[PDB]
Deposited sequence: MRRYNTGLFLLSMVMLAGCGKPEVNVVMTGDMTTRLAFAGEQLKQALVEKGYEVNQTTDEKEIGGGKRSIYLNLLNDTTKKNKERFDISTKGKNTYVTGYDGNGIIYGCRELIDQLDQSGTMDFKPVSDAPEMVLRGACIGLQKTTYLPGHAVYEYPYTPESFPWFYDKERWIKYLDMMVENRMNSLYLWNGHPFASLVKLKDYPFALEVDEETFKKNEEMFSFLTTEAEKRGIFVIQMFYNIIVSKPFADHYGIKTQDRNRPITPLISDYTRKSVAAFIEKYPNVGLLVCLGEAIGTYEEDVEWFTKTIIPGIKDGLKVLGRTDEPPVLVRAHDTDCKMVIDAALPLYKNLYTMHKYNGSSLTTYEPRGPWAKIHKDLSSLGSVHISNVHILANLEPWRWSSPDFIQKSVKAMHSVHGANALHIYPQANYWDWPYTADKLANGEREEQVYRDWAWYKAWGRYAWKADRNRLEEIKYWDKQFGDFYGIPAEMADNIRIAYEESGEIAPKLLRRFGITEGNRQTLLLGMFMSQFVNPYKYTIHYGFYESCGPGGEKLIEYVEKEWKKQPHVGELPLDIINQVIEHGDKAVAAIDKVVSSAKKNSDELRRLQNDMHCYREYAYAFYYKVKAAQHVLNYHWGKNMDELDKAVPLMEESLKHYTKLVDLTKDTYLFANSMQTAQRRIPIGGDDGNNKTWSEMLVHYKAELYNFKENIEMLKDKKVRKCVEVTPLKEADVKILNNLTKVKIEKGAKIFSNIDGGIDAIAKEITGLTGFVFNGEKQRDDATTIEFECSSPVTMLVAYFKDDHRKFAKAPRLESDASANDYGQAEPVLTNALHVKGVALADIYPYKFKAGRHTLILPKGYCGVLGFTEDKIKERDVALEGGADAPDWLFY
């Protein structure tokens, strides 16, 4: 049939994009589309009306009404019209028809976005941590315009309005300083490509209602700057110097001037020695450079500057900066560098609440996902309860998500495909982005309706009836509890210093404090409860148990694993689309189940070892041995499941990875390597037992 798309109001880039998305989606569903503004032609019509203003009240709001063959979309701003068209397109995909239900809606969280890291699995030669110039050699994908469009369209589809680029020192790839011409860290040809890609990225983001934000760490200078002056690129023990202050102030002023719509996300770390130096750097170097740039542009607005809480005293920094610059946003990790709970609490919740209490935008950062690497994860139930806690426990009104896994190896997942081919994170992790977007838009959605929604999404992706597709949801929601529960109850850290899914040594259960556990982790990252060492000590001292108990958690986790496997195994014979991906999701569920069993058996071994330390009964060490053997049988099966299907587990392939073992020079990033260590663990344990009897 013939359909009119009628764009009224002053034509803006976002109204044009909205109308073109609607046109393209109508044509895909087989309609003929007339784009017209003529009363004489305007037969079946959709009117896109963009309103002028309406202030914070109506930010990103749309109204859809229908009277028979006519549909009216009112967008309160450019994002609103884009989201109104999204609502129609979502309805057109779910039905197959232009029978539209009226909707009036607007997002709960005011910034909803994801990050890409201009980062790699290992350091570049001559460079320290986080230091990567923007070059085609390091980041060929950064220069791929077709890849950017696919990424930005995924962000619009999930109603995300913010994209963050993470880099240690981006300025020396992006701006030239006449006072420090030698500082530039890329050749002229690459400098011109970087300018073009920034102009492309900001233009394509802008028409999609996406705020581009450049993240930078401090204090870091370019390699050629450092070599010119005979100094280090970065040194936490190096105090603020006038020279480095001037370079950085001018770098920041140049960036503001050259890329006037790009936000800044400031980390006052990890190369600043003290909180007083954090404040001094932010208030006397960065803010003056931002003000310098705005003054060059003749701008009297204060666009938002975003400040991380990470490695600083965020409240102390904001309290000092607010007199100089009013428009400050905060950001703080949701569960440190992992995803552990939808019941956060404790001292880290109090940092959230104190930043939330400034009455600005406080951004929850779902950061790094150390405990999820590298297997598929995207539990609608877990993500919904987490966003609810972001509101109810943290007072966050905004969301920043990392990639679900494999942050340091963008744009690919850790999957090993048959071809030598790499799997795209955008393709694999579609439900991660979709779920975070969905709940950031609206957290309180009826759970029975959400089950129907997700059953249909999974069913459509795999060409399975919604009813059969319920097994895909169950696999995600059962498997999704495993890495969060095990890390919070037995982890050394929520940091990427640990790679949970490579497993743990029995010693890390028996003597966890040897491996350095920081205050705040156990106190913040889930329900109150007992470590295995605490549980066993209380058993011997006949003290009552309180909270989340470790033997309860390993029991729940093996049930999660078995239920995930049972669910996903029911659908593989049925999938008519994306079958090869379904086979990889099936394999990931078998990985989680073998992982859970290996973990279960090793914790039970550790309990016997702790019983020996308290009571000195040798029978306890004899009981531990067959449990460590069953642990190794499950871990051996996990190696067989990962051998042909994963490149590695941790994407941060450096000596900063300590748990379960050192990751120096990219070693011990595979289950195969860890099986060598765990065999030796068993042989060494049996030797210790023989020595103690003799």
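Unmodelled regions of the deposited sequence, numbered from residue 1: 1 to 21, 64 to 66, 719 to 893.
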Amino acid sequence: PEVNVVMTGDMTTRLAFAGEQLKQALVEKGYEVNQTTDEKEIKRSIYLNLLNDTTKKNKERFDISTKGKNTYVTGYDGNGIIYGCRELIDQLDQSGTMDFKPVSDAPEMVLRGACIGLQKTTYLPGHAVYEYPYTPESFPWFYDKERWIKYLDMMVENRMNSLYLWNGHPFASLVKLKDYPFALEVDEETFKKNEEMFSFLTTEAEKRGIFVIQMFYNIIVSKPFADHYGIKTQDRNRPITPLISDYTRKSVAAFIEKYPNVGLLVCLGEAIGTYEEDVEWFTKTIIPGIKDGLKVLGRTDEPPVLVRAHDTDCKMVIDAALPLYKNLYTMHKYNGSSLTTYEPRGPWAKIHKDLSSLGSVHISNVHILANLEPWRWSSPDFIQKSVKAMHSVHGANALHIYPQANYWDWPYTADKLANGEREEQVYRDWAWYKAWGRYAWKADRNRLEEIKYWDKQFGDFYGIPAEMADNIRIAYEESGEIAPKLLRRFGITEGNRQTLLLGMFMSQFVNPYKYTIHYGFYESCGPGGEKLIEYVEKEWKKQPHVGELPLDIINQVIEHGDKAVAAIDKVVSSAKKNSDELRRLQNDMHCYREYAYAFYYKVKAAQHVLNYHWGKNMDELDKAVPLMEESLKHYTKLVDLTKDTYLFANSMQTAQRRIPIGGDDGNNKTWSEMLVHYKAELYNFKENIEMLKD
From here on, numbers count along this sequence of modelled residues.
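For the pair 368 to 376 and 412 to 420, the record assigns the higher mean C-alpha temperature factor to 412 to 420. A summary of the deposited B-factors shows that, of 467 to 475 and 561 to 569, the stretch with the larger mean C-alpha value is 467 to 475. The residue among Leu647, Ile659, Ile42, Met652 whose C-alpha atom has the highest B-factor in the PDB entry is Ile42. Ranking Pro550, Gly359, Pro224, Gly336 by Cα temperature factor from the entry places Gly359 first. For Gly437, the recorded CA B-factor ranks within the lowest third of the chain. Only modelled residues enter the ranking.
Ranked by Cα temperature factor within the chain, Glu673 sits in the lowest third according to the deposited record.
In this PDB entry, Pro107 carries a Cα temperature factor that places it within the highest third of its chain's modelled residues. Ranked by Cα temperature factor within the chain, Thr283 sits in the middle third according to the deposited record. Among the modelled residues of the chain, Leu501 sits in the lowest third by CA temperature factor in this PDB entry.
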